[PDB]
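Step one of this worksheet: look at the structure below.
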Amino acid sequence: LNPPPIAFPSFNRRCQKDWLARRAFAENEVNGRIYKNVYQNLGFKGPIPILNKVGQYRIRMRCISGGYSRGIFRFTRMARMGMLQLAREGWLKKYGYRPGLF
Amino acid sequence: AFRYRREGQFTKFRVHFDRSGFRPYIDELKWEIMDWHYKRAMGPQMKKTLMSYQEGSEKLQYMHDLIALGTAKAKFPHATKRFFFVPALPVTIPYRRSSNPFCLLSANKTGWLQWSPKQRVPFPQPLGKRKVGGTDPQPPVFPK
Amino acid sequence: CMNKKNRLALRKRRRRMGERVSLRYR
Amino acid sequence: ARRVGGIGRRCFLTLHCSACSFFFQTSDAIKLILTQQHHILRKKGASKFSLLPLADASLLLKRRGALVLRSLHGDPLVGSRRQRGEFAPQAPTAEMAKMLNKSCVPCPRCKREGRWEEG
Amino acid sequence: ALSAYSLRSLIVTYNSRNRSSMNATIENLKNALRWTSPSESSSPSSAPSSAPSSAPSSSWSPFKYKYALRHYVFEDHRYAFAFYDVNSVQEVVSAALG
Amino acid sequence: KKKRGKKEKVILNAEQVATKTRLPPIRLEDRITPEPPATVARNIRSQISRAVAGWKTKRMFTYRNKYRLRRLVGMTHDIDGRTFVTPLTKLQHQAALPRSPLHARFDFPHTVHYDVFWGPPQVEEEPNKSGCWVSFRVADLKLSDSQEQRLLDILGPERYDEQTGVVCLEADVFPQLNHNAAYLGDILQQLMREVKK
Amino acid sequence: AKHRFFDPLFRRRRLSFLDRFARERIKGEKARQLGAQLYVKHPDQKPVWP
Amino acid sequence: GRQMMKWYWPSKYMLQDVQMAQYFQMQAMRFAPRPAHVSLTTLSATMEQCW
Amino acid sequence: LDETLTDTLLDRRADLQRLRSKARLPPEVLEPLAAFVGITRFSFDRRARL
Amino acid sequence: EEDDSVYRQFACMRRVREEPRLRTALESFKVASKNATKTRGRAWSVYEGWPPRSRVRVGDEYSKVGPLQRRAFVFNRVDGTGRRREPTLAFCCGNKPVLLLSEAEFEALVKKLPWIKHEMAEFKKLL
Amino acid sequence: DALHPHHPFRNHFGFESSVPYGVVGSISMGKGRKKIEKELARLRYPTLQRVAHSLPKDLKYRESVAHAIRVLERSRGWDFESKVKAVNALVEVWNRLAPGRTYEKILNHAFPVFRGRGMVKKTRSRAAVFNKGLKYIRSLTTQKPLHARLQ
Amino acid sequence: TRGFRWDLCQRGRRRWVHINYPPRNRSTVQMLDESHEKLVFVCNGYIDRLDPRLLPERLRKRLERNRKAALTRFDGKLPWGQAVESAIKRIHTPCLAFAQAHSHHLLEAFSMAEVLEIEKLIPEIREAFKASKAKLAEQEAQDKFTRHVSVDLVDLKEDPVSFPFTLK
RNA sequence: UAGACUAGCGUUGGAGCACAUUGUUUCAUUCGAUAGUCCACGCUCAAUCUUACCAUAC
RNA sequence: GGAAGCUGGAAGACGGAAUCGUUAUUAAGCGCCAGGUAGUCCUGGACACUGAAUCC
RNA sequence: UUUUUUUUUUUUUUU
RNA sequence: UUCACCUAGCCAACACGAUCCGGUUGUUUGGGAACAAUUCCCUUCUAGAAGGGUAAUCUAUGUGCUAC
RNA sequence: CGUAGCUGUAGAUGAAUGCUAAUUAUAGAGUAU
RNA sequence: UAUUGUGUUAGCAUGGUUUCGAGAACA
RNA sequence: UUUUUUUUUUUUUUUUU
């Protein structure tokens, strides 16, 4: 019929939510170290509830040509189908991709 | 013992991504794949508008030159052609101004590049009967 | 390291670094 | 066959001394500093005097004393499961040597000032 | 002193993602030589740096119990050159980049 | 079939007056702004008082024992306005710079190496392209017996090769090439000042 | 002359609704009301663009 | 902070518009001169003072 | 085929091979060396130096 | 190589050769720093000049140890931004789980006081 | 030394380079250098001496913050802008706390070297009792569909 | 799929007075809309206290050793009242509390006797607000400079590479 | 002329994940049925987010 | 959730029957890490050494 | 090497 | 890159898409089971002592028993 | 690197490794016996 | 440098891409 | 290696004043 236009992903509420946490953590990244420094100097271990909603671990891998949050690698940043379509459309040849080898 | 046939085995299964000479490729493709669609949709459209009004096209350009520089440096008599308009498009890729004297874009002093009106070697060459995505404006139809 | 193969590897690895770990069971 | 130190007879847990001839593992380092606490406290010149009870020789051999020594010694040789390949643990004697020399702890063999070294 | 300095050596390295692209560079570099003012042009030495490769893994169609796999090989090429007694900096740096 | 049966709005009683009148609680979207310094300090005082109230844990007493150990050895900032001078600024003040290109600063051979990336216009900068190091042979450098030993002791055996007899000094604490290059030249001169003593 | 660029995925979707607007039968009043404010005007001729 | 930001696709509603009004202005100003001579002007009208 | 062989045609021409060894020195040649000695009285640019 | 026969005969070059001590330079920096940052330098000014918690009325506020009360409780609470200023009335014991905020909330309590007084009697007092 | 009254020092300023800067073509063509970036463009290398203007009066807190200045300025990974903000907010949070002479006394008395038989303070804290079902308490005042009472 | 926090499965700070949060015969709230915080409502109170005097010799010795000591042990109280309920004295007394608008959480409760005392002290508490207003102006000047910032170096900055220096 | 035979060798217990009977206001919608798009399914990793579910309310 | 000290009388020497298949650097054993963007498996992917027999 | 050593072996490299 | 060639032997939860349906279609704070006999003793308190219970069935995988 | 070769012990009728008053490490938070 | 609803009935018996299971490629 | 811009409780989020 007509394979998707891989440059512009469709709408996804969950996909957009993941990117929202990235901006919050970047601005609050400085405050994270201050909370650990004060406790270390005083010699007392305590929780940091404020880091729950702006923590680095809240963000996880997601598919750009997708919206699933599983089966995404750090090298390709795509799902099983995302890589297949990209490789079969003739776009990785310039980037040194020879499918002849197993 | 095959030495050349087994080259690169060490840096395939016993090496870290951050501790190897391999560079990422997704970063470059991010800004390259998007720009292809921009030139395709806006390519024919820009040329159609330029050719919409054949005559009287050079009058607007001549008057504009009298405001920027005042004196028309490229002035010519009525018996000589002024210029040929070439359909160009803006640059969207955020390239870095490198100090390479042999580069083709490092010495760019404008935000417009020429567009090829005809190409015989399509860059997005398919490996089979599959078509290019986003190249079917008209919706499909079924026999029903 | 749940099985006896991977778990015993940690104890043997430390033995080559200048430490003595009891071995015996598991 | 099953020697300690491997083929190259590695030793990443012992520290040598410039004076005399005596070496000990990091395990005994914790006990030595705690036992010789009276000399260290008087050298500098309640919250400060908190580890006084731990100076007892018999208390260290009891159940309570055994747990205190193990708490301080975190077993640096043990680490995460992903620390494999080039990311292998190194000798932690660099940190131990600094503390042992700065605290000015006497050597059991001969009473001397900071004379310890990595080895 | 700045005026007392001299370029002892200039190690030039390349990184090409295709076999044909790397071959074109060798021919282009050779053509730039044999054209300088001195009788003998600068002739750098060759030093190949192997060919690293990478190929991730992924399960293969969805809704399967991992019966088949599909790999994507991504080869690479490298090349290194050595220089000694680079008296002319303009005739060497420009040629390598060009 | 399923997941379609709607429900009427049962929230219509007059008792529920405090509804749809004020903005909901703080949302994750509004958390983009940073926390002011006044609020960060408040949380420390509230939490420290709760732990001492009786909220203890098995893994809390062990942390305190480790901290007390560093006090005896003398690795704590505990004492039984100020305007100090940073170490970086101190080195800048004490530096004999050359007066023009024709004056030799150093009095010994030295080689400077640095990697420069060149290629097509890349959308992103390549990291690990700002290294600068200096190498020199101890044998060529004429020095006394006492001075020679101190040179290798300060840098240690890691930066010294026993085969050829050369010392390599590497400095990379800046992202920029120009900033890093100047830093190496300052520390190098300071080393010779203390060696000759 | 102005020509605003639009997402290629939106171009095909626009024609899909317009094709069946005056040709086929569309059920539901909400679909026609909401569908008459996004594809009824050209992207370049719109008064406001996101 | 800067590592996690490098994800997903960039914005699409911030591209340069293909406006005909701006096209003519760019062509008219393309043939402008370069009367900078920042260095030459300083040296000029200086030799006479020394003489 | 002729379209793909355009690059080889320019390389084979001997006229272009003469100007290959004549270009501007990259800025990142002598600038790093100048900072090593710690001199604040030299400008790489020729126009600015004058 | 440095020639000392020229610097001694000229004062302009002598200054460059001379390296002022850090003590002299540090003295000037203190004056310049204070002049630029004239509106900064003090952070915690609610030091014991007024003792924290409260100073107007202290002791026997809410400690449920005896019948009836003796005095009220009033003090100030620092805002989350450190610029605003509001009073406080509620004080249970040190922690103050409940805060009555400024007099805006206390005003409504007086208006509603007679209403609750007449309701509690007929609510469960008689049962 | 007189080149800048706000920074009395011998060597502070360097020389500017001729390295091209900017984007070839994008929505940010007219950007050049930032307000803070221009400062480092005319300096030999960045420092961390400007932040040190006022420090906590307490000796314990003064040394804790002072040590961080010497290490941060000689570390790779932190941006110039982040370094200033990291220390600027650190001096304020420390000043809004009780003196260290009192913090240690409270912690030492409340945390003895040896534990006891009842120092945990957590008893009968089962998992499948309170917050694992049993359909019981609702923390809610206004409830039309009373589930607790219906059952 | 385990729980996030284990603190919710433990008893927090004692409320002194125990009141049943779920109402059965509560009236309708009034006002407290613009503020949208700390709503006012009436409920039923239930006071409870423990006086360790009637305990046996066996249990009294252990109880006192935990309560009157250097540190608290086992919360300084016995387990559930399996056999001590005989000495437990509780008196029913109507009381009231406050709850959050959206959060719907209990803050605290007050006895009926204490409520009447507040009315009698209205004249005494009203005049106390005047003293706070006096210090409002004094604290404004001191709390405004509570912002540490780095000294500005740029000074609308020069280009001081070598030239300009005669321009200065 | 494969399986059938000739060597080696893993099992009727105790343990990890998962399907199912029995609990659930929520315990993840599901594939395939007997030589398998069935048990780490699109779980290349679930201690918050990933999570679609229920409760609560804006 | 992973590992470790101490402590140790958790359920097993049943069956030479029967069902899953290997085209030899196959089979049988043993040892190591690369990715899964803090830890986090006995499965999957991937490398190396000892390496027998039969009528297939 | 009759003043010499005092010993097991890996999965990229002396281009 | 057997892009090939038949399919009574596929997902609507990666995505596009024919038709029906339209849950302020999102968000704040929580939960998402397999393991009860309480700090049990008139012998004791600023150096260690006495009690902890669901026995219901399958598939696929690590680890063990061998000589009188 | 592991079973090494070599070489001491008991030429194991008794080597099964799960249960747990209790600590090691990552993490903002994995707690109670 | 985020921006055009629905992770809902309906795929073996009308479906585009991919693929498991059986069969075939010679003159 | 160089030490300071101003400042009132036992009641430092545990005591019947």
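Quick note: the coordinates plus some simple rules give every number you see, no bench work behind them. Virtual Cβ from ideal backbone geometry, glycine too; neighbours counted across all protein chains shown.
Brief remarks follow.
- Candidates B:74, B:79, B:107, filtered to the one that is facing another protein chain (nearest Cβ under 7 Å) and away from RNA strand S (no atom under 16 Å from the Cβ): B:74
- Identity of the residue in the stretch F:114-152, more than 30 Å from residue K:26 (Cβ to Cβ) and aliphatic (A, V, I, L, M), that ends up surrounded by the fewest Cβ atoms within 10 Å (Cβ to Cβ): F:139
- Output for the stretch L:136-156, where each listed residue is facing chain J (nearest Cβ under 7 Å) and not charged (D, E, K, R): L:136, L:139, L:142, L:145, L:146, L:148, L:149, L:151
- The set of residues in the stretch G:2-42 being among the aromatic types (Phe, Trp, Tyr), farther than 23 Å from residue B:35 by Cα and in a helix (DSSP H, G or I) consists of G:17 alone.
- Every pair of residues 6+ apart whose Cβ atoms lie under 8 Å, when the first sits in the stretch L:119-148 and is away from RNA strand O (no atom under 16 Å from the Cβ) while the second is among the acidic types (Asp, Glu) and in a helix (DSSP H, G or I): L:129/J:103; L:146/K:92; L:147/K:92; L:148/K:92
- Restricting F:76, F:111, F:89 to those that are facing another protein chain (nearest Cβ under 8 Å), under 24 Å from the mean Cα position of the chain (by Cα), more than 16 Å from RNA strand R (Cβ to nearest atom) and surrounded by 12 or more Cβ atoms within 10 Å (Cβ to Cβ) reduces the list to F:89.
- Taking the criterion of being assigned to a loop (DSSP other than H, G, I, E, B) and either more than 7 Å from every other protein chain (Cβ to nearest Cβ) or under 14 Å from residue A:66 (Cα atoms) (or both), the residues of the stretch A:1-13 that qualify are A:3, A:4, A:5, A:6, A:7, A:8, A:9, A:10, A:11, A:12.
- Among (1) facing chain J (nearest Cβ under 8 Å); (2) on the phi > 0 side of the Ramachandran plot, the one test that residue L:107 misses: (2)
- The listed residue being touching a strand residue (DSSP E or B) at 6+ places or on another chain (Cβ under 7 Å) and either within 14 Å of chain F (Cβ to nearest Cβ) or not small (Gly, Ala, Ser) (or both), out of J:76, J:35: J:76
- All conditions but one from (1) outside any loop (DSSP other than H, G, I, E, B); (2) over 32 Å from the mean Cα position of the chain (by Cα); (3) among the polar types (S, T, N, Q) apply to residue J:35; the one that does not is (2).
- The set of residues in the stretch J:23-39 that are surrounded by 14 or more Cβ atoms within 10 Å (Cβ to Cβ) and more than 18 Å from residue K:3 (Cβ to Cβ) comprises J:34, J:37.
- On the stretch given as the stretch B:2-16, residues that are surrounded by 12 or more Cβ atoms within 10 Å (Cβ to Cβ) and within 16 Å of RNA strand M (Cβ to nearest atom) total 1.
- Each residue in the stretch K:107-151 was checked for being more than 30 Å from residue D:46 (Cα to Cα), among the hydrophobic types (A, V, I, L, M, F, W, C) and at the interface with chain L (Cβ under 9 Å from one of its Cβ atoms), and 7 pass.
- When the residues of the stretch A:45-68 are filtered to those that are more than 13 Å from RNA strand M (Cβ to nearest atom) and within 12 Å of chain F (Cβ to nearest Cβ), the one that is surrounded by the most Cβ atoms within 10 Å (Cβ to Cβ) is A:46.
- Pair list, Cβ < 7 Å and 6+ apart or interchain, from the stretch F:114-129 residues that are at the interface with chain B (Cβ under 7 Å from one of its Cβ atoms) to residues that are in a loop (DSSP other than H, G, I, E, B) and aromatic (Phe, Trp, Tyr): F:121/B:95; F:123/B:95
- Within the stretch E:76-98, the only residue that satisfies the criterion of being surrounded by 14 or more Cβ atoms within 10 Å (Cβ to Cβ), more than 7 Å from chain I (Cβ to nearest Cβ), touching a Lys or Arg at 6+ places or on another chain (Cβ under 9 Å) and charged (D, E, K, R) is E:76.
- Qualifying position, being more than 16 Å from RNA strand Q (Cβ to nearest atom), assigned to a loop (DSSP other than H, G, I, E, B) and surrounded by fewer than 13 Cβ atoms within 10 Å (Cβ to Cβ), among D:94, D:46, D:19: D:46
- Top-ranked residue of the stretch D:49-71 - restricted to ones that are in a helix (DSSP H, G or I) and surrounded by 16 or more Cβ atoms within 10 Å (Cβ to Cβ), ranked as farthest from RNA strand R (Cβ to nearest atom): D:60
- Residue within the stretch K:79-88 that is surrounded by 14 or more Cβ atoms within 10 Å (Cβ to Cβ), facing chain F (nearest Cβ under 9 Å) and either of a type in the set (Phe, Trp, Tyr) or at positive phi (or both) present: no
- Output for the stretch A:14-44, where each listed residue is surrounded by fewer than 16 Cβ atoms within 10 Å (Cβ to Cβ), under 30 Å from residue K:101 (Cα atoms) and within 10 Å of chain F (Cβ to nearest Cβ): A:40
- Cross-chain or 6+ apart pairs with Cβ under 8 Å, the stretch C:1-24 first and more than 18 Å from residue D:14 (Cβ to Cβ) and away from RNA strand S (no atom under 16 Å from the Cβ), then of a type outside the set (A, V, I, L, M) and not in a helix (DSSP H, G or I): C:1/D:81; C:4/C:26; C:7/C:1; C:7/C:26; C:8/C:26; C:9/C:1; C:10/C:1
- The single condition among (1) of a type in the set (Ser, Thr, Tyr); (2) crowded, with 16+ Cβ neighbours inside 10 Å; (3) farther than 20 Å from residue L:125 by Cα that residue J:81 does not satisfy is (2).
- Residue list for the stretch L:31-46, filter: part of a strand (DSSP E or B) and touching a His at 6+ places or on another chain (Cβ under 8 Å): L:44, L:45, L:46
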